[PDB]
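Worth knowing before you read on, the calculation uses all heavy atoms, side chains too, and leaves out hydrogens, waters and symmetry mates. Reminder, nothing fancy here: chain letters follow the sequence lines and each chain counts from 1.
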Amino acid sequence: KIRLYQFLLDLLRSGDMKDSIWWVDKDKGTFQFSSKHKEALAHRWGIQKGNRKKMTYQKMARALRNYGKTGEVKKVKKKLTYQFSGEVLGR
DNA sequence: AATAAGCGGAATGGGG
DNA sequence: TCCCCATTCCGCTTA
């Protein structure tokens, strides 16, 4: 099954939910969620995963925080903004 | 206060 | 057995 970070990178590459997520500095791998439209993207993640409950942005961000130690995605000190690792972007 | 983002410990669930 | 990769629940903190 797809991993969360790859789901997000795939969306940014396809442009399919441009009102929910976007690059801030694509060369650096920084991206940002929409305050008003992030829940539709969270819903899509949960449905893709076949999870029992409806996915929320809060639960999705709880999973995102677990990448901080291994490095795939780190939180940036800007509202709703994160950064992929060079390894993730190169692969 | 109302609203929202940010945090993470802990329990629970996936699929090996 | 026991790690993978989350999901779900809950309470607190910061803006």
Side-chain angles (χ1 to χ4, degrees), chain A residues 2-90:
Chain A
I2 189 169
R3 296 184 72 172
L4 174 56
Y5 76 81
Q6 191 65 54
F7 168 84
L8 296 176
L9 183 55
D10 290 348
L11 283 179
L12 284 159
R13 288 179 163 154
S14 69
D16 199 59
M17 298 195 85
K18 274 189 221 68
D19 298 340
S20 295
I21 194 178
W22 47 81
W23 292 117
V24 180
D25 186 328
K26 64 190 167 186
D27 284 23
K28 294 185 192 169
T30 58
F31 63 97
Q32 179 180 47
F33 294 97
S34 169
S35 178
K36 274 267 288 174
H37 302 295
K38 63 194 184 302
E39 295 295 346
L41 179 158
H43 294 162
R44 176 181 181 156
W45 170 236
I47 288 164
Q48 187 168 134
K49 281 291 294 293
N51 291 336
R52 176 176 73 85
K53 296 289 249 266
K54 177 181 89 184
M55 177 55 65
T56 62
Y57 181 80
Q58 177 170 355
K59 287 189 293 184
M60 191 185 70
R62 178 70 188 83
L64 281 181
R65 281 195 298 283
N66 289 336
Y67 291 131
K69 201 162 187 309
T70 47
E72 291 88 348
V73 183
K74 297 189 172 180
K75 185 72 176 68
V76 169
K77 293 290 194 177
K78 299 281 183 158
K79 197 155 290 302
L80 297 169
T81 303
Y82 294 82
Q83 186 170 15
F84 295 115
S85 71
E87 291 89 329
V88 165
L89 296 164

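- With hydrogens and angles disregarded, no donor-acceptor distance shorter than 3.5 Å links the side chain of A:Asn51 to the backbone of A:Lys53.
- Under the 6.0 Å distance and 45° angle rule, A:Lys38 counts as a cation-pi partner of A:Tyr57.
- Between A:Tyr5 and the phosphate of C:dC5, there is no side-chain N or O to OP1/OP2 separation shorter than 4.0 Å.
- Separation of atoms CZ (A:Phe31) and CD (A:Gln83) is listed at 9.0 Å; rounding is to 0.5 Å.
- Of the two residues near DNA chain B, A:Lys79 and A:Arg52, the one whose nearest nucleotide lies more 5' is A:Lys79.
- Taking 4.0 angstrom as the limit, A:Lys49 places a side-chain polar atom (N or O) nearer than this to OP1 or OP2 of C:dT7.
- If you check the side chains of A:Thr70 and A:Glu72, you find a donor sitting under 3.5 Å from an acceptor.
- Note on A:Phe33: nothing from the nucleic acid sits closer than 4.0 angstrom, heavy atoms only.
- At a cut-off of 3.5 angstrom, the base of B:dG9 holds at least one donor-acceptor pair with the side chain of A:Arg62.
- Contact annotation: A:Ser35 does not reach the phosphate of B:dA4 (side-chain N/O to OP1 or OP2, under 4.0 Å).
- Base pairing analysis places C:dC4 opposite nothing; no Watson-Crick or G-U wobble pair with both distances below 3.5 Å involves it.
- A:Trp45 has no side-chain polar atom (N or O) that falls below the 4.0 Å cut-off from OP1 or OP2 of C:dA6.
- At the phosphate of C:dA6, neither OP1 nor OP2 sits under 4.0 Å from any side-chain N or O atom of A:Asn66.
- Contact check, A:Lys53 against C:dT7: no side-chain N or O comes under 4.0 Å of OP1 or OP2.
- Note on A:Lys38: a side-chain N or O is less than 4.0 Å away from OP1 or OP2 of B:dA5.
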